[PDB]
A.B. asks: 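Dropping a structure here in structure tokens format, bear with me for questions.
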Amino acid sequence: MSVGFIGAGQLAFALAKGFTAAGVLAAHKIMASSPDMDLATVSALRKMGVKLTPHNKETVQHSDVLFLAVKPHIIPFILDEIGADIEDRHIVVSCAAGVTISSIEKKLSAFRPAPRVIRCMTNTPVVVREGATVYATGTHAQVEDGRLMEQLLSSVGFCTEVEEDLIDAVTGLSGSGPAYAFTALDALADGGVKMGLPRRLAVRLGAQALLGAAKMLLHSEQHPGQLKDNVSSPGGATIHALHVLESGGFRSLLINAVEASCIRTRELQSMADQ
Amino acid sequence: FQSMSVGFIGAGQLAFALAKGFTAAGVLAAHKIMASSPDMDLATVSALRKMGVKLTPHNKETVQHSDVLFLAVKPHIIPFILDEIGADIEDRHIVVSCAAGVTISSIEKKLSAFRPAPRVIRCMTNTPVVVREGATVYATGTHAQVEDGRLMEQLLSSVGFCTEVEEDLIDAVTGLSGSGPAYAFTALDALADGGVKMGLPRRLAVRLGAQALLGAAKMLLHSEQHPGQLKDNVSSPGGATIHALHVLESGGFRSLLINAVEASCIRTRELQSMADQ
Amino acid sequence: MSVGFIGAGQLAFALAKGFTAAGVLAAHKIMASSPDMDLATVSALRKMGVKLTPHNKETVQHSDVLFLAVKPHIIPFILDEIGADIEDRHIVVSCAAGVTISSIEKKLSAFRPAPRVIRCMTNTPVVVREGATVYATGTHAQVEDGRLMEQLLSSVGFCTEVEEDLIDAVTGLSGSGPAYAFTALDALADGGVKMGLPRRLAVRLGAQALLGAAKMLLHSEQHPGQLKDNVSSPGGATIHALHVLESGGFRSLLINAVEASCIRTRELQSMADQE
Amino acid sequence: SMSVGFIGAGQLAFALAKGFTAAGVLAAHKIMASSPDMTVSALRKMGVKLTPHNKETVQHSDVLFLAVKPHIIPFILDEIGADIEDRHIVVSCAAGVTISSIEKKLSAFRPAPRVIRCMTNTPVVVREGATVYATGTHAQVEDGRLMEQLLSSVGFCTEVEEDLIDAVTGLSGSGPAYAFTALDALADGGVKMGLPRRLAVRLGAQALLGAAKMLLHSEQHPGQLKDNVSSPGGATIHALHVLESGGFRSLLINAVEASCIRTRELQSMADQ
Amino acid sequence: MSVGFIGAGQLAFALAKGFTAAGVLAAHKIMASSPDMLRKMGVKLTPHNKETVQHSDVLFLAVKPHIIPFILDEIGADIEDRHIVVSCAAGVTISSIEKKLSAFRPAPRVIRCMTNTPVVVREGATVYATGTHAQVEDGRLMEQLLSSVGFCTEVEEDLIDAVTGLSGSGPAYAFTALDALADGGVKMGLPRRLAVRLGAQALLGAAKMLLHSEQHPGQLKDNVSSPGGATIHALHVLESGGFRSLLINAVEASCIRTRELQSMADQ
Ligand code: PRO
Ligand code: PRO
Ligand code: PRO
Ligand code: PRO
Ligand code: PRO
Ligand code: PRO
Ligand code: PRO
Ligand code: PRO
Ligand code: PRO
Ligand code: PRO
């Protein structure tokens, strides 16, 4: 199997870092192309052993699975450039937020019939092999292509198939999720610093607390409210802190965030289709 | 130290999580663990019973059984325990208090009445030790030999992060990583509600939000970059993420988490001043 | 067994009505006294068959179990009024919010030693036999007294023993709780009316919704968050309504309420201990 | 002799099947449930015949509950519309879905379908549901009476005009979730003031149940019952004040309104 | 004079109770009809709307606003020259009513009014507008009949939706305020029964003061508040919550909804 990346941004580096750390891909079996060959991420890939080239056509010719790791508004221009170079062996995997399978297939179909397209939403934690990935299969993605992509993406985190009409909501939850967590961890650390902890120790403790709680939930058959109840001793410090969260509408803010991200994702695609 | 006996006074959530973590790490055999509780009809008690942990209603037997003795009872019960088993403390014992707010000097004062130089360690840990990803800090008491702290850190590092701190930091650690898991559980419930509002099935929404949090936290622990920089790397210009971050800022999301750490730390200090009275 | 009520107000009527509906006591075996024999509760008690008298001493002499259903600050004047009339057979059951076992025992002990005192916190839904009652036992309240107490009060709702130091918080939750629900049901009916429902129907539907939800939780081994998860279909009407509750800090308001009730209960006793 | 079927085996189908069996109005073997992916070990232990095929449930049943997500109703109706017989009563439990849209789809197969629309809720599982129904064009006077007797066995039930069901959805349909949220928060409050969690949850739920039963059995306004519990200067009126200061009442009006408005939106999307 | 009511809800009961208490009409000269079947007063009843029409000279339409067009088409052919039709329905225009009734007989005599429930204690607040064929004697007879149970004055029809938001919905604003003022009295230690009576008397007394005064309500507010005193402290916490803006919001919200409802009726 030969994997290629169109784009050499953060997600291209993240996935190639995870894939090779997982030992599922030899770094030299991965080719990446960038329009800005002086990127910080392009220099990192060259050290890993990832083959590099400025021409997207080189990436198409050298790969079987083809990740589109470009900005959403760049997808149509990439598809126009490489469309005549797609062969029957290709699986085209768009990672762009919002961009639909139908729009990709329509562009590629003008060149050759029956493009094999898969759409996915992943996130940056694939770089430490703890990503969250969903994918949906296009019209001509044979039953094997989805299972192949799930095997590949499972090596860097959780991965499952969804209906495509859920991917915008997933984007608002696990696609944007890490940024919510980085904000929360920065603020939790400021809280620790306010109460007298050194900054380095506060970041470590807050981050370990979030990782541990999330692992607990994933490994538990209990509701998050039940796990919350087990932390909060009657009259104790935790339930006092939980109350001030509630007084600020903490829960509503995170609902607001998933909603706003999902709505914007739909808007960006409506702008694309217009 | 695979011949050491560990005892828990208290058989609640913290005793169970530490006992599960320790045996899951395979650093202690479950039958080498004894726990004592005044209420035996607790769910955690039946759990400990099935693990193979020895259960007893008498704190004295836990003391005679143990080398390391965790005090995993509610903070205001600690002085009652110290009076009960203080005459049973022997030279071999290391007493590890897990009670929020209770000071090393308050423990050493009660125990020194019975026999001098009690070996006392105060720690603050959290429930994720049950999946070996806890966050533990400890402070060493007056007669806690350098070897006792090193033993303590070796033991608690088997179930997550562990480091020594000065004792005057522990109340603030309590508000951050002690209470921290409940902030995350609340956030994960809410994020899952957000996914459900936007059309996702609950089970999938819970899993995605939890995986997102775990992945982000691991990224930061493995990164040499500021969390603000990692946040910047996620936010595409004009995109969905920066739109979501704006609505969090408009609600004072950052300030609420600062409020929580402060409120928990302050309450922890209050609990000790009520005991001190 | 003969039961007495010092005070003939809402709580005495509620308990007496539930007891006689449960069939654990005949109405003629209940005596109630009140400093004001013109209340609507007194007229309802008379029609029920309850004996009514203006003299608290008559109630003490009639009864085996003696409930103190007066306002909290009236208790010290009651205990001084009838302390010398307390006999060995009496179990004194204080229903007054805040008033501690120690304060009652201290005033009664000046007359005869070893008064049998129970402190309880109940609520008005005992009148339909669905109350929430907790009780704590005094120093001389033998094991049979609490067991008898729990048997009597279990006939009109949930009843369990607690440590006394929990009762002020219970007062904030189940003691004041019915008022929180009456407010909620008034508001839910207003929302139904805003959206086009007749008032009478909106009140019936909202009350039925709250009753069934509460019974579901009581009969389930599942967390209330899981039950909430079960009713909220993805993208649906319920999760949209829950969002607007969260945006107003709905959860925090109810936490505020239990806290404020409990704190006030503590303040009231501190003022009494000062007097 | 009446046979009941369920197209969908979700929360609502399980809840109605559980309440109906607890009520003894239906033997569990007279109940069939169908789902694309299945609660399977639950209903089989309960005695409910299960099957993956919707046509089997139609062929087995006299009364046919449609307990699928609202946007799945058109695909169900087109799948089994040709299997509907004269004996069938079709009871839609989907939120927002109109009688006229069900009758329109079914009338393409056979004239005069007997359609009833209802809005019920999950406490039917403990036989304390709140149910309203509206009768369709060809639902004879007998069908609404039969539906009301069946659903009255698992809680409150009454006929309404169909134009009220979206509002009912926002009140008693979504209501239980408002209650579970409140009970979780009331228990947090008890825990903050020192109660064990288990006991706090029990006391809060009992208080809610008792208050609701009081109102249902009382000839008085809920504000009068609220007055009767708040003694002057006491703990309750202090607690009521902090609820008023947060706009507690307005939040519950907001919820009923938001649920009703969404229910209308869900149908306007299906009609489009 | 013969007075009839179509609809038998709160408004019909309020007006009938006020009219008889005022002594302008004997109860037996009044007839009310309703589909959902006052009798103790002596007011004749019937389920048929045509009977009320054939009995009455003045015909009050106290039905819900969305039922008015159904009533007009039901009784339109029985409207006769002697009839004055008085619509109490919120929002419903004189022109919509006259258009309905003119398809049966020309020049219907139509009056539109906005009253409120305190007519039952003869302290209502009523405004009315006269239709195209309401001879000037019909407005005078209307103001005469309605002044016996409260304030009554003629207005241009385009003000009635605003009036509805002020004095039509206003009693509900007051009942909410009186319930809350009572909760305040109870919080501060008063018995509930006494707190209700004191708050209501305070509100009644201040309203009457303003009505019998030539002074601005701010001037009367100044006369109550002594410097540094309890009242001015209380007014501050009202201002801090934006109390004034809430009542403006209420009048506006009610007026706007009244217009929405009529716009839905027109379409
Ligand atoms: O997700 C989608 O839309 C397509 C349809 C069936 C499988 N994948
Ligand atoms: O709630 C409390 O008081 C303890 C301290 C941190 C975890 N739980
Ligand atoms: O932090 C404390 O209190 C002691 C002093 C040095 C080590 N541990
Ligand atoms: O911000 C955006 O548009 C994408 C969505 C998840 C991460 N970046
Ligand atoms: O709770 C109390 O005050 C006492 C102590 C043991 C039984 N009742
Ligand atoms: O959320 C919804 O759309 C439906 C309405 C009541 C229960 N669930
Ligand atoms: O409620 C409805 O819309 C129809 C009309 C009469 C009976 N059911
Ligand atoms: O209002 C009070 O003070 C008492 C305590 C709970 C019920 N009523
Ligand atoms: O107020 C109106 O609309 C009409 C015009 C003059 C008299 N009545
Ligand atoms: O302002 C004051 O202090 C007095 C009290 C009632 C009226 N004015």
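Protein chains get the first letters and strands the later ones, always in sequence-line order, with residue 1 at the start of each. Order of listing sets the numbers, starting from 1, for every ligand and every atom in it. Computation of the quantities below employed the complete heavy-atom set of this structure, encompassing side-chain atoms and omitting hydrogens, waters and symmetry-equivalent molecules.
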A.B. asks: Counting from 1, what ligand 4 atoms have a heavy atom of A:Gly175 closer than 4.0 Å?
C.D. replies: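 This gives 6 (C), 7 (C) as the contact atoms.
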
A.B. asks: Pairs under 3.5 Å, N/O atoms on ligand 10 and on the protein: can you put them in a table with the distances?
C.D. replies:
{"residue": "ligand 10", "atom": "1 (O)", "partner": "E:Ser226", "partner atom": "OG", "Å": "3.2"}
{"residue": "ligand 10", "atom": "1 (O)", "partner": "E:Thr231", "partner atom": "N", "Å": "3.3"}
{"residue": "ligand 10", "atom": "1 (O)", "partner": "E:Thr231", "partner atom": "OG1", "Å": "3.3"}
{"residue": "ligand 10", "atom": "3 (O)", "partner": "E:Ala230", "partner atom": "N", "Å": "2.9"}
{"residue": "ligand 10", "atom": "8 (N)", "partner": "E:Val224", "partner atom": "O", "Å": "3.4"}
{"residue": "ligand 10", "atom": "8 (N)", "partner": "E:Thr231", "partner atom": "OG1", "Å": "3.4"}

A.B. asks: For ligand 3, which atoms, with element, lie under 4.0 Å from some heavy atom of B:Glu166?
C.D. replies: 1 (O), 2 (C)

A.B. asks: Output yes when B:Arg122 and B:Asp168 qualify as a salt bridge under the 4.0 Å nitrogen-oxygen rule, no when they do not.
C.D. replies: no

A.B. asks: Suppose I only count heavy atoms of B:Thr140 and a 4.0 Å limit; which atoms of ligand 3 are within that range?
C.D. replies: 4 (C), 7 (C), 8 (N)

A.B. asks: Working to the nearest 0.5 Å, report the span between CG of B:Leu245 and CD1 of B:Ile242.
C.D. replies: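 Going from CG on B:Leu245 over to CD1 on B:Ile242, the span is 5.0 Å.
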
A.B. asks: Verify the distance criterion only: is there a donor paired with an acceptor across the side chains of E:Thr231 and E:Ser225 at less than 3.5 Å?
C.D. replies: no

A.B. asks: At their closest point, which heavy atom of A:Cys95 faces which heavy atom of A:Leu11, and how far apart are they?
C.D. replies: CB-CD2, 4.0 Å

A.B. asks: Holding to salt bridge (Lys or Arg N to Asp or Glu O under 4.0 Å), I want the full list of residues that pass it with B:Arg267, two or more places apart in sequence or in another chain.
C.D. replies: B:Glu270

A.B. asks: Of the side chain and backbone of A:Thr265, name the one, both, or neither that has a heavy atom under 4.0 Å from an atom of ligand 4.
C.D. replies: neither

A.B. asks: Between atom CG of B:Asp193 and atom CD1 of A:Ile255, what is the distance when rounded to the nearest 0.5 Å?
C.D. replies: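 Output value for this atom pair is 5.0 Å.
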
A.B. asks: Enter the distance from A:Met149:CE to A:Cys159:SG here, rounded to the nearest 0.5 Å.
C.D. replies: 8.0 Å

A.B. asks: Taking the six-membered ring for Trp, are A:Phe19 and A:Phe67 parallel (under 30°), tilted (30 to 60°) or perpendicular (over 60°)?
C.D. replies: tilted

